[PDB]
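Just the one chain here, laid out as structure tokens, in the form deposited in one PDB entry.
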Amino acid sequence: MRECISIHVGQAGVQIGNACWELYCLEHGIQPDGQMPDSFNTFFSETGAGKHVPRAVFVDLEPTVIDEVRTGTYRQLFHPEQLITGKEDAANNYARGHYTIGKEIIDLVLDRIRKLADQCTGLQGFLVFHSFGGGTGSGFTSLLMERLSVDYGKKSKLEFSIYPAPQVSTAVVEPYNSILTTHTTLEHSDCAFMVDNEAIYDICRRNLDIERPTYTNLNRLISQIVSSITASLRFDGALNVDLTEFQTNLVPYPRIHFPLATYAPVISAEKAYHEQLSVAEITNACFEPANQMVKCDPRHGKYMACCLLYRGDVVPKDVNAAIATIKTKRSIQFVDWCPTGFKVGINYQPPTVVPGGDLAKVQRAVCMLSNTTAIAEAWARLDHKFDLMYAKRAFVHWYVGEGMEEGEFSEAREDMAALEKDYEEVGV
């Protein structure tokens, strides 16, 4: 059977994982205790009698949030050996997450992954959930990706990172961590889906009409995106799409694997009525720049590859009409070397609504994963912040004092300049 492993690293990863596993348990009809009162083998393991054990490894150097998982409503769902905690945090230090504090639980997480990998026949890939900027979600994820690439290698690896926003930010040493981790993990990940909190905040403010969005809502939206991504494995439909299909249709060149996800429709219950929510409207709104989950206007660039994953009551003729209307439009710009840059996936399972949730019950939904050159400007602004901080050489002593040469920053900056140059070259 087609089975996937989910790894959640850092606070952002584990929060998103809590949301995702609530969503999956709701989808497959599993009570939080693990008792169901097929189509679940992808994300769950069946024991002798009843108990379904999710294929997840929750890893964090901070014990607090994994302790919340251990004491929360989903307490008797996870295998306690899957939930792995440290003693001290990475403290927003890439060096702590990678060299010093990371190399104390890395053997444990690799052993847990191997034990989970030995219980799966048709392993398909890894769904690593982490966040750029944090010490753990930049250092430990890089070490883990290196280990997984060395050990498995041929197996796919998908990442769902929380990219730093342009203006909204939390940490002060975030650019350093982000550039270091995307320098290290550029050679190991195969398709890194990126989101930022600011775009999701704007989406919640405009579409969901909530003026005070919090982390729970953002995690629910990301969980819906990942459920749409992985729904082709779990349920049946016309034009099912696997992860290897994602890689072969979304990554033109080996160094261009940073797509940005988009979801539609994100509407409230009040606006669930008064709207047709047709396939054409869903696709058009999904290509709108204000609906992007990364703060970059796709109008400032060219789309390379765009895969559509429809769900629910969707007929292929409607999808073809929507794709034709998109292709005829002049505002959207597809690159010359891609005559056909559209992959479509239809599934018969409508999106599920978590009780006490902002999203409304809709018959159909889409998930637009596009590889566009508009993501280069985000790299540009992050590199500008890095250069400003590094000219005065601020905070460098914290990183250098935990096993990191001063030249690693320059190497990462050079690699990022090379990536920007590659994106510009592929644009022309």
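Only residues modelled in both forms are compared. For clarity, a rigid core is taken as the largest C-alpha set superposing within 1.5 Å between two forms. A residue's number is simply how far along the shown sequence it sits, counting from 1.
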| property | result |
| --- | --- |
| Missing residues, deposited sequence, between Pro37 and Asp38 (class: none, 1 to 3, 4 to 9, 10 or more) | 4 to 9 |
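Below, we turn to the form deposited in another entry, even though it does not appear here.
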item: Listed options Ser223, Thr185, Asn347, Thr283; Cα moving by 2 angstroms or more between the shown form and the other one (core superposition); value: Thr185
item: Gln292: Cα shift of 2 Å or greater between the shown form and the other one (core-aligned); value: no
item: Large Cα shift (2 Å or above) at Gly357 between the shown form and the other one, core-fitted; value: no
item: Rigid core superposition, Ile84 Cα moves 2 angstroms or more between the shown form and the other one; value: yes
item: Outcome for the Cα pair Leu83, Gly102 in the other entry, compared with this form (closer or farther; change of 3 Å or more); value: closer
item: Consecutive stretches, 3 or more residues long, displaced between the shown form and the other one (C-alpha shift of at least 2 Å once the core is aligned); value: 82 to 86, 183 to 185
